[PDB]
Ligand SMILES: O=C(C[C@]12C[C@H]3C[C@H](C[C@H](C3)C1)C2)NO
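Let's start with one chain on its own, the form deposited without the ligand, as C-alpha cells.
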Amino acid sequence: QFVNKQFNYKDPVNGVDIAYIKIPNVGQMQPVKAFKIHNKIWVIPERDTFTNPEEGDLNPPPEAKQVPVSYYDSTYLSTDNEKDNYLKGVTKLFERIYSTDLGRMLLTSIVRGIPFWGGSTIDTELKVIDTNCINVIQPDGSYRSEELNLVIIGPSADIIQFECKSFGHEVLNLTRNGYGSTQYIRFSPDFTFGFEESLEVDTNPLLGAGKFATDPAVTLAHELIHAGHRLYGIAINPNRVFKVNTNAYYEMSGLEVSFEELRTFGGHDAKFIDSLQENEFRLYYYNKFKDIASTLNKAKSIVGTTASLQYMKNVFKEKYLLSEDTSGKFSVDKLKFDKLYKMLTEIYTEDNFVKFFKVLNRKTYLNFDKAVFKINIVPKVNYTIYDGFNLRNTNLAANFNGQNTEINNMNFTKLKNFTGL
C-alpha cells in the first residue's frame, strides 16, 4: 500500500503530514492545506492559482481567444466536500498505479528521483536548490523548509489542461540537465475524456461522440511518467516536435506533437522519432550524468545541517546509478546509464500501463479528443483499485463495459462535445 493514511480533508493539521504550506513561487500566497501521502509526495486539493503568475484566477481568457478542447468551471474544487473527494480520488489512483508491477517500479523511481543539490556556486560545496522545497507551517506557527519531489494539485482555469509545472532556475534548465526539479502535476480525478474504439474514428476530427471513457489511472500515470523524466532531468525540449505527416487532418492544420509526448505514450508513437535523434538525446543526457558525477566529486563539504555529505552523495549515486571506487570517486557506466535511461523512457509509457491495467485506451497520442465526462471514482460501487470501472463479477467486467459510457451510463455525465469544433 502506497498511501498509509486515509486522509480526510477536515483532519486537523499536525505540521507533519497534514499542514498549511506555502509554495516557493515568486509571488505572495495564503498558506494552503496540503497532505503528504508518501515520502516526498504531497497533494494540494486546490485549484492551481499559484505556480503560474499569468494564471492567478479561474476565468477563461476574454481576448478573442479560446482553445477548442477546454472546459471551464470556476466553482469546481472550491468546497470542503469536493476537496475531500479530490483527496480520496487521487489517493485511490495512486494505489491503483501501485497495484501493478509497472506502477510500483515507476513510483519507486519517482521517490528515488530527488532533485539534484546543484544550488551551490562554489564547487567544493554541495547545496540544495530552494525551489525544490516547500515551506511547512509547524505547530508553533513557524515555517520549516521541506524537500519534495512531487506535488499533485488541482487544475487551473482550464479544468482539463493536465500538465506538469516546475520552478525554473536562473541559469539551469533543471528538467533537461539531469538535475531534475520538484514537479507540480495539475490533475483532477473528477473528470475524464471520451475516446472512440475504432482507430479511423478516433483519429478523425469529425466523427464519434466518445463512447468509451479513459481510465483516470492511465491519465495520472501518463502525467507521472512525464514527471519522472523531468525529475531525472532528461525531459526532451518541447521545441523538438514531430511534424505529423501520418494523419491528413493533423497535416491540414500543421499540428506538431512534441517528441517528449510521443516518447511518453510509447508504442508505435515513440517510433516516429528516428534513430539519429534518439541516439543524440541519449548521448546528450549521458553527458549530463557525467557532469553530475563531476560535480559530486568536487564537493568536499555540504551546506546546511539537514544531512551529511556522505548521505547526499549516496542518495545521488542511487538515483543516477553511479559507480563508486574505494576512494568515493563517482563515474557513469554507459551500460548502467542505458539501463536507467531506457527504464525511464521506454519501460514507463502510457501504452505499457494499458497492458498492466487491462483497460481500453486510445491507441495513439495522435487522435482527437471527443468529449469530457464528469465522474466519481471514490465510491467502491463505481471504481475500485484493482479494476477501475470494469468491476469484476458484474456485467461491467467483460469487454471493458465499465468504460463504455453508454452501457455504464450512470457513472458518466457528458459535459461537452469536442467533435465538430
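Residues that one form lacks are left out of the comparison. Residue numbers here begin at 1 and follow the sequence given. By rigid core we mean the largest C-alpha set that fits within 1.5 Å across both forms.
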query = Across the other PDB entries of this protein that were compared, is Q66 absent from at least a third?
reply = yes
inquiry  = If you look at the other compared entries where the surrounding residues are built, does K243 lack coordinates in a third or more?
reply    = yes
note = Of 216-224 and 236-244, the stretch with the higher mean C-alpha B-factor in the deposited entry is 236-244
note = Once average C-alpha B-factors are taken from the entry for 60-68 and 379-387, the winner is 60-68
request  = Could you say which of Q183, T203, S109, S253 has its CA atom at the highest B factor, as listed in the PDB entry?
outcome  = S253
query = Highest Cα B-factor in the PDB entry belongs to which of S145, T91, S74, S294?
reply = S294
note = On the chain's distribution of Cα B-factors, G118 falls within the third called middle
query = How does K165 rank on Cα B-factor within its chain, lowest, middle or highest third?
reply = middle
remark   = In terms of its chain's C-alpha B-factors, the third that includes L199 is the middle
ask   = So where's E278 on the chain's Cα temperature factor ranking, which third?
value = highest
query = Is the Cα B-factor recorded for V43 in the lowest, middle or highest third of its chain?
reply = lowest
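Keep in mind that the form solved in complex with the ligand is missing from the display, and what follows is about it.
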ask   = Heavy atom within 4.5 Å of the ligand in the deposited complex: which of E196, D84, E223, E95?
value = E223
ask   = Pick from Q138, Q161, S294, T306: which residue has any heavy atom within 4.5 angstroms of the ligand in the deposited complex?
value = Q161
ask   = Can you pick the stretch from 44-52, 362-370, 387-395, 30-38 whose heavy atoms fall within 4.5 Å of the ligand in the deposited complex?
value = 362-370
ask   = Could you tell me if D269 has a non-hydrogen atom within 4.5 Å of the ligand in the deposited complex?
value = no
ask   = So in the deposited complex, does any heavy atom of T219 sit within 4.5 Å of the ligand?
value = yes
query = Just to confirm, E261 within 4.5 Å of the ligand in the deposited complex by heavy atoms?
reply = yes
note = The moving segments between this form and the one not shown, taken as three or more consecutive common residues whose Cα atoms each shift by 2 angstroms or more on the rigid core, are 198-200, 207-210, 305-307, 368-370
